[PDB]
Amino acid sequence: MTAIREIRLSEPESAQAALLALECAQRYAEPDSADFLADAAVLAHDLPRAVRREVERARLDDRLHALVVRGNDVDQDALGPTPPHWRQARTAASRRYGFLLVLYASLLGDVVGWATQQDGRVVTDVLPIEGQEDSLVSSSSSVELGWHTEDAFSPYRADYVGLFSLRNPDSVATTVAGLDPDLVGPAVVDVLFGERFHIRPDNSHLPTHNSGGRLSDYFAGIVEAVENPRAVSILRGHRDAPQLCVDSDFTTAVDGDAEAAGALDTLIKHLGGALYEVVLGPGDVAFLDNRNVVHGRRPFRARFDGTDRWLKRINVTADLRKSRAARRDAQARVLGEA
């Protein structure tokens, strides 16, 4: 209904947001520099008032699918070519969009990264990588990004996933679905509320999607969660507004629970059909409510000529304090550094 909340920036609101981002770029080294992240929540208060009003309505809407902020300024000429790999995507020209993504995000909560994702960067990159066309990770193209709750396996999974589209010349859709409980059956719902499923870390948490020199110890937690998954529910909270936690490629029923394996089969067919498209054009920022929706990305053909689709991505928590056991120190934002 209001499941998708959209704000289209006026030209002045777009210009004001860009100016704030560019002041941040002048002051701080990286969009996830510790001194910037300490200051971000209060810097975000200087974003346009009309934007702050609508973000706050989104934040307290427990039936949100996504907040979409359209029409941020992106200078395509100044940005330069789409990097061929996330490792090379921390470009001088792309800093300003990282800073703006963190400012928007800091209206919804606190930004976090993962020790086991893109070398523990808090601002990450989504771009097609040659040789990953058919992979199950966000650098895919030819094969759909299978729908998932972000970091479904983890009790420290984000409350919001933020995406800042820098470029999307072929209008490739982000896919989104919620679960209408009164639509699969209060029978299947009860089975999904039961701690009767295994959810494993997706392939982006593997050493193979990180730099080779990363501490083996960062991946201890990921390997444990692959080998010995905890028995967990797919639904939780109030029955009038249950939260969703499932990954289409990394969820199984606990072996010998055909009632569970039956409900999961049913959920996977349902959500696959229910998946709807949101197209993020250049300058469009989305925050997906990761408690309410699964998301993915349509298949596309990458041209690998520097013109390809490029997003900046961020994880947002409503409650940074709750993850302190998994972080190095109070201010550190990288889950699994502890």
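For every residue, the number given is its place in the sequence shown, counted from 1. Throughout, rigid core stands for the largest set of C-alpha atoms superposing within 1.5 Å between the two forms.
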(request) Any chance you could tell me whether 154-162 or 222-230 drifts more in 4 other deposited structures of this protein, judged by RMS CA distance from this form after superposing on the core? (result) 222-230
(request) Find the stretch among 234-242 and 251-259 with the larger RMS C-alpha deviation in 4 other deposited structures of this protein, all structures being superposed on the shown form by the rigid core. (result) 251-259
(message) Counting only other entries where the flanking residues are modelled, do a third or more lack residue 169?
(response) no
(message) Compared with other deposited entries of this protein, is residue 215 missing coordinates in at least a third of those that cover its neighbours?
(response) yes
(request) Could you check the entry and say whether 103-111 or 242-250 has the higher mean CA B-factor? (result) 242-250
(request) Please work out which of 139-147 and 221-229 has the higher mean CA B-factor as recorded in the PDB entry. (result) 221-229
(request) Specify which of 159, 259, 170, 125 carries the largest Cα B factor in the deposited PDB entry. (result) 259
(message) Can you tell me which of 86, 164, 153, 193 has the maximum CA B-factor listed in the PDB entry?
(response) 193
(request) Ordered by C-alpha B-factor within the chain, which third holds residue 175? Give me lowest, middle or highest, please. (result) lowest
(message) Considering every modelled residue of the chain and its Cα B-factor in the PDB entry, is residue 205 in the lowest, middle or highest third?
(response) middle
(message) Split into thirds by Cα B-factor across the chain's modelled residues, where does residue 53 land: lowest, middle or highest?
(response) middle
(request) Report the third (lowest, middle or highest) to which the CA temperature factor of residue 296 belongs, ranking only the modelled residues of the same chain. (result) lowest
(request) Compare the C-alpha B factor of residue 62 with those of the other modelled residues in its chain, then answer lowest, middle or highest third. (result) lowest
